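Undergrad: show me the folded form of this:
(9 chains, ligands or ions: 4)
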Amino acid sequence: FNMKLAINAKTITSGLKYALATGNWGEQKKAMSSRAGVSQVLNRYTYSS
Amino acid sequence: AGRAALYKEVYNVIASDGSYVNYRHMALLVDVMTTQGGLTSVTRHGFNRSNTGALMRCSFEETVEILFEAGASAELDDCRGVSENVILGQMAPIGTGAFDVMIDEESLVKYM
Amino acid sequence: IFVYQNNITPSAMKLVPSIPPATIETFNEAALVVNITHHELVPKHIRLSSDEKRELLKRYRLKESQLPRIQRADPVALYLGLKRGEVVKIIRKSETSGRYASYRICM
Amino acid sequence: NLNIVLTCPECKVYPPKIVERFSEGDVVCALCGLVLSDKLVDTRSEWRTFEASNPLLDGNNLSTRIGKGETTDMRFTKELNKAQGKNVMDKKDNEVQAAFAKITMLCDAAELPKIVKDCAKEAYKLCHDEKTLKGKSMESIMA
Amino acid sequence: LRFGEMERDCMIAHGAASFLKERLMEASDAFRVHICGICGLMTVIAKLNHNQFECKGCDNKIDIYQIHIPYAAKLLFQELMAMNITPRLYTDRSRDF
Amino acid sequence: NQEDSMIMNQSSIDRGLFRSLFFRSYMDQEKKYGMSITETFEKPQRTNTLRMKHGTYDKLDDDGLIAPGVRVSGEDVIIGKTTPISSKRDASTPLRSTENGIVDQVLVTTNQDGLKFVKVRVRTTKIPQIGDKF
Amino acid sequence: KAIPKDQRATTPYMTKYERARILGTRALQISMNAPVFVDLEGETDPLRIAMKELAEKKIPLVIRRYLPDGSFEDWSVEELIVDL
Amino acid sequence: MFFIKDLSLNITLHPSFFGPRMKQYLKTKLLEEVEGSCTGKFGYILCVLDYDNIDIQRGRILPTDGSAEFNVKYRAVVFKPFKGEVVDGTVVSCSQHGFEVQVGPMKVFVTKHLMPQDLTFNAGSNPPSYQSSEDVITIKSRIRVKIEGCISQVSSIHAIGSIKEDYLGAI
Amino acid sequence: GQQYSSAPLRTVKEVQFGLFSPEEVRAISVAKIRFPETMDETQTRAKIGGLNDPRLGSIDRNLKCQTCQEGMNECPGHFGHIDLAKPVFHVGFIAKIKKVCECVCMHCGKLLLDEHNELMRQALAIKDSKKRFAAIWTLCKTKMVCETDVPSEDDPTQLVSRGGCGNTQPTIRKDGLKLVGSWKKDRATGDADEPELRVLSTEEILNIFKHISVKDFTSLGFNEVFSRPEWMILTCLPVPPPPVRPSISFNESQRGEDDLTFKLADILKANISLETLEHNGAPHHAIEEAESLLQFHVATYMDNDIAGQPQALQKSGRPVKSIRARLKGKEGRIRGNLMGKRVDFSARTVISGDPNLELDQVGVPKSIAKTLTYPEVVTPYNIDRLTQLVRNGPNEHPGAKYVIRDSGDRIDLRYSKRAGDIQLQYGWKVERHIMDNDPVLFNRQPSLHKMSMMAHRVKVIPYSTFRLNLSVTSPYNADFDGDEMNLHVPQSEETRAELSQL
Ligand SMILES: [Mg+2]
Ligand SMILES: [Zn+2]
Ligand SMILES: [Zn+2]
Ligand SMILES: [Zn+2]
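TA: Residues are numbered from 1 along each chain as shown, chains lettered A, B, ... in the order given. Ligands and ions are numbered 1, 2, ... in the order given. The relevant structure is shown in the block below.
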């Protein structure tokens, strides 16, 4: 029972990276209904913005 | 009386907002809903389900479910609607295109 | 015409179209208490003759399809005992022309 | 025989670039200064995620996998997930697919890079075919 | 820019029949097909160069016409066909009224 | 100044009233398409490169980038790229046609997996004009 | 079927649409180097030429006025009243 | 065969021609378009008959454009060949494959195989001929052919024909 | 341009809708379509004699389009066919098919009611093709027996014989793409209690439909020429050409196929599978299992948004764009490519007011005027002027962009080596810049008014905004808080007249 073969790191790593990036808060590249726009690019027009 | 009440009602909605629309406009709408013999609604159900052309009906709301039925009923669109000629990219039979223009060789040879 | 108080059994109603060319009409006494034709909103309907109709269609280059239609069951179509094919000439007042004549064919 | 050309016609040069233009299009020669068609084909405007597909082994299609909240799959999910699970038995469906799925599991676990991590798995699919003294062990050519 | 539905309406209201035709054809979409006179379909193998016409299946090398329609309609028609529906296009009438 | 429009002191505008800096950043990757096909950063030659941009490529140094400080303009080529397939098609990045300015800074890097990619900053100064909202 | 001249009943006056279309058509033809039926008193714009031809009723065109049934009444531009 | 057919052609005349020599130009353009013409439906439209009485009718002015359109009703002599028609003609070309026969406006070709067995190709002659035990068929010879079938080809009609059957061949 | 064809130019006067007879689908088709493979003659760069261009349409800037040639900007693209292993329902009719079965005898193919029933002869009388079918159904649905003898048109004692067959009619209900019947039965006068429960095969429904009398089916909606009911069930599949489902070849390891090309390949694969099953030892229940897979792929291809059924999905989790869905919405082919479309000779910018413009004029920015063009015909009247704008060229304001020769080919004044020494000829067209006093369509969207689109006189001016007279603000419903407006340029003397005159 080789440990490195057992636990797939990419599962949680890219699983969070997907949500945060795209914004479809759910698993994963097969998302719907998933809630899009949960994560979005921070407005940097003005400081108040 | 259905027509007269229907106009009265339409007129009120406009005049309540303190607006004026000339009679004829409201009259026409009221008449169109009427002519069939009852109260034909300005909905996918009412007008859009009449004997007009199939492409015309399909340009509003029911599109594909109208063209399948158009197929199995072997409909024939006489292309008199404005919708049809627009889909077809031809000069519509409206104002400027409501008549035809011909050269007369008689009058042509008369002026020279 | 048969003016009935409350009802006419479906047994009796089956004898209505049994004796043609003669025609039978059923009117519930309760409807007739008030003459609808007398109402503000109810304009003059006039039944046209076979010749008058023929002329209408000739004068406007019409097929019966192209005419506005009065429904057979219409309160006024009933009052006038209009038959399918029969045409009415409606004479209404106009805020536009004073008097406007429209026509309706029976359903 | 397929011959495709944009030769100006008036002053054949055989042949030169005619411009892609910026707005007008049609590639008018800087020679006869005429036209050729109307273009009307924007290649920059490819199908995004919003349909495009980048297949590396054969041709990808897909089936079923229903999940749209309209009417519940329940009975029908199992009707179709079983029915598509029967079909992946007709003509040696297993082999390439098993190899590429087991491939993405062994690499992901050691965190191998996708850009070239996937590149070598294309090499395996070229090595699994052809019959040159493989003495194939599955694990061996995987290394 | 988009000369959309509501803009079509204004043109129809104005009675600008030819201005509309232009917007929808010359100014956009406009395309030319060859159709068959028997089955009003876009079937015609126009080898317009050798001046050969043919609508095999009709065996019609004679009764053929050309029409100017918006390519999206040529598309729409091909689409309706793929879906087993026949939008037969005829250059003459048969109904009157 | 009727119907929500306003009049500006053109004299004040000259003195710096409401001017602003503007920086846009263009990016590009040198992608690797499998075992053999690799995009390249270089100045494309029009004889062996297909579908070139009508814009000019002269402002490119032989590494395929404009050096920072050069003034650019519409349709001009900031980043030269080719996607070899056979000799090679043109995959270059031109400046937006509706804009212009001077290149502010240009940086070269590799990413998480080590794909060469380059970021180009372009600076303009936007001086209050007519349809400008306030 | 075509209504006889003696039985024509449409307006003796030219419609806005008719006039706009005649002017459009003549101007188009004039612009495609068609023969001009009037003295161009220095005129160069084909619409201003068209206007001039219609002003003197020297336009050799006829309006085929279709009726909803399919029949029609033909009217000469020379004979149509231009009160517009 | 060779028919007289009543036909009509729509012509679209530009306003510049709305002068007195209008009918003259119409009758002319008609002849340019129709005469010489070869259709599948009607065959070769050879000669327009009764010039002096060509019915021009009233030309309808085409609305957005200036031009008038007339349906010029006329009458002409046509030649429409048929399968089964026996025709007389002069040989034109002759090769190892057969020989073409000119029948008025059209050429009818006879295959080496659609002739009797006795008639054989002779390359060693000026011009190349077909030789029977009794007959000799070459470029000037007159032949009676049975049309086997026609092909409506653009601006012409061509046909295949036999001289194998009884009462056919050289004349 | 687009080359000349000797074919007569005509206008479309009537559109005759109908269904495709499989005979016709086969007859039109220019290719068999045998393989779910796109192109790639196994790792190659040419189309496979199997799916897209087996003999079919042409793409990729290459003529090869089966003798037809021409290539892309002329070829409409011609259809292929696919021969289906077993009949399948066309998803759209599925219900009209059901209703037709409900009206006719599922054994002899004869109308359950006729001239003998009074209510029937009455409904049969209905002139409207749809209303009569509607009425015929509500009557015939209820009838669960094909009658041999019915009471005479006078006496109910001596029953007159109509058509034969005594068979009991099933109670049909749909089980999504499948039609299943429930036959009333008899067994000791009662039964059902527990009836005969069987699914009606496409083939059996097809056969009954084939036997429906021309007079009978004509009383139902159907037309003997253009739409026989037998043509609703799909037996042959018209395959659309690449134009309807474009492909794109990016970079030798990237290639994009259209969702339809995917959906087709599934239909094919499912077909090839079921064909092998029937040919081999037919395991009955393993075949009908493969049939209702084929049924799904064909059905989901025309419509993917089906109620009750699972959607066909495309790897990325997104559902396949069916044909229905391309026509459907606003942004569909109808609402968004035909009834409204984007156009050339259009221009848009921020509007601003001007007390110095005349009511009917419009301030046009120099740049906008220098882009928008009017095609003017070279004529004795304009020849000299036009030659000057040509000389002026594309960069100077009153200049020109193109010269259109009689020959059809376009001269680009921006690049032509002869842009200087260009000598005009009567009849040529000079595509010149928009100039002061040209009529142009000005519009402010929404456009709920005829006054929301009005014709203005051009006035070329500096600065990037469209300037309008203040009193013309109200009809458009514009202000200068950041509003933009649309400008359309007529291209014909006719079109211009329309604007200026109406
Ligand atoms: Mg505003
Ligand atoms: Zn055909
Ligand atoms: Zn083709
Ligand atoms: Zn029966």
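Undergrad: ok, now which ones touch the residue of chain H most remote from its centre?
TA: The outermost residue of chain H relative to its centre, with distances by Cα atoms, centre = their mean, is residue H:64 at 39.0 Å. By Cβ atoms under 8 Å, 6 or more residues apart in numbering or on different chains, the residues touching residue H:64 are B:91, B:96, B:101, E:18, G:21, G:24, G:25, G:28, I:494. Using the backbone N, CA and C atoms, a C-beta is placed for each residue, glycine as well.
Undergrad: chain H: helices as residue ranges?
TA: H:22-34 (DSSP state H).
Undergrad: ok and the residue in it nearest ligand 1?
TA: Nearest residue of chain H to ligand 1: residue H:64, at 38.0 Å (Cβ to the ion).
Undergrad: that residue and residue I:431, how far apart?
TA: Noted for residue H:64: a distance of 21 Å to residue I:431, by Cβ to Cβ, to the nearest Å.
Undergrad: spell out which parts of the stretch 351-500 of chain I neighbour chain B.
TA: Residues of the stretch 351-500 of chain I lying close to chain B (Cβ under 8 Å from any Cβ of the partner chain) are residue I:498.
Undergrad: could I get the full set of strands for the stretch 351-500 of chain I?
TA: Along the stretch 351-500 of chain I, counting by DSSP state E, counting those that start in this stretch, strands occupy I:361-365, I:373-377, I:400-404, I:410-412, I:429-433, I:439-443, I:453-461, I:466-469, I:484-488.
Undergrad: kindly report the same for chain H.
TA: Ranges of strands within chain H are H:3-13, H:38-39, H:43-49, H:60-61, H:68-79, H:86-95, H:98-103, H:106-111, H:120-122, H:129-131, H:136-137, H:142-153, H:156-162, H:169-170, based on DSSP state E.
Undergrad: out of these, deepest packed?
TA: Burial of the strands of chain H is given as mean neighbour count (mean count of other Cβ atoms under 10 Å in any protein chain shown); strand H:60-61 ranks first at a mean of 26.
Undergrad: got the contact list for residue I:93?
TA: Counting by Cβ under 8 Å, 6+ apart, residue I:93 touches B:68, B:72, I:232.
Undergrad: now do the buried residues in the strand or helix carrying the first one.
TA: When elements are assigned from DSSP states H and E, residue B:68 belongs to helix B:63-72. Within helix B:63-72, the residues that count as buried by 16 or more other Cβ atoms under 10 Å in any protein chain shown are B:63, B:64, B:66, B:67, B:68, B:69, B:70, B:71, B:72.
Undergrad: show me where chain I has its helices.
TA: According to DSSP H, the helices that chain I contains are I:22-28, I:94-103, I:118-125, I:129-140, I:202-211, I:214-219, I:259-279, I:287-302, I:323-327, I:333-337, I:366-371, I:383-392, I:473-476, I:493-501.
Undergrad: quick one: the longest one to helix I:287-302, angle?
TA: For the pair helix I:259-279 and helix I:287-302, the angle between their directions (axes from the mean of the first three to the mean of the last three Cα atoms, to 10 degrees) equals 160 degrees.
Undergrad: what of the fifth one?
TA: Inter-element angle recorded for helix I:202-211 and helix I:287-302: 70 degrees (by the same axes, to 10 degrees).
Undergrad: just the second one next, same as before
TA: Using the same axes, to 10 degrees, the direction of helix I:94-103 lies 130 degrees away from that of helix I:287-302.
Undergrad: close to chain B: what parts of the stretch 51-200 of chain I are there?
TA: I:92, I:93, I:96, I:128, I:129, I:130, I:133.
Undergrad: next, the contact list for the last one, please.
TA: What that stands for is residue I:133. With contact set as Cβ under 8 Å, 6+ apart, residue I:133 has these partners: B:73, I:220, I:221.
Undergrad: CSV for those residues, including neighbour count and distance to ligand 1?
TA: Shown next, in CSV, are the contacts of residue I:133 (neighbours: other Cβ atoms under 10 Å in any protein chain shown; distance: Cβ to the ion, whole Å):
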residue, neighbour count, distance to ligand 1
B:73, 22, 48
I:220, 22, 57
I:221, 22, 52
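Undergrad: intersect those residues with the contacts of ligand 2.
TA: Among the contacts of residue I:133, no residue lies close to ligand 2 (Cβ under 5 Å from the ion).
Undergrad: in stretch I:402-422, what counts as buried?
TA: Counting neighbours by 16+ other Cβ under 10 Å, one finds that the buried residues in stretch I:402-422 are I:402-405, I:409-416, I:419, I:422.
Undergrad: closest residue of chain B to chain D?
TA: Closest contact between chain B and chain D, by Cβ to the nearest Cβ, is at residue B:89 (16.4 Å).
Undergrad: quick one, phi/psi of that residue?
TA: phi 70, psi 40 (degrees, to the nearest 10).
Undergrad: the residue in chain E that ligand 4 sits nearest to and chain F: what is the separation?
TA: In chain E, the residue that lies nearest ligand 4 is residue E:84 (28.5 Å; Cβ to the ion). Note on residue E:84: its distance to chain F, by Cβ to the nearest Cβ, to the nearest Å, is 40 Å.
Undergrad: and that residue, what does it touch?
TA: B:71, I:19, I:20, I:25, I:90, I:231, I:234, I:238 are the contacts of residue E:84 under Cβ under 8 Å, 6+ apart.
Undergrad: now name the helix or strand holding the residue nearest the centre of chain A.
TA: The centroid of chain A falls nearest to residue A:19 when counting by Cα atoms, centre = their mean (2.1 Å). Secondary structure from DSSP H and E places residue A:19 in helix A:9-22.
Undergrad: need the residues of chain D near chain H, please.
TA: Residues of chain D lying near chain H by Cβ under 8 Å from any Cβ: none.
Undergrad: give me the element the residue in chain D that chain A sits nearest to is part of.
TA: Relative to chain A, the nearest point of chain D is residue D:108 (4.2 Å; Cβ to the nearest Cβ). According to DSSP H and E, residue D:108 maps onto helix D:96-109.
Undergrad: residues making contact with that helix?
TA: Outside helix D:96-109, the residues that touch it by Cβ under 8 Å, 6+ apart are A:4-11, D:57-58, D:117, D:121, D:124-125, D:128, D:142.
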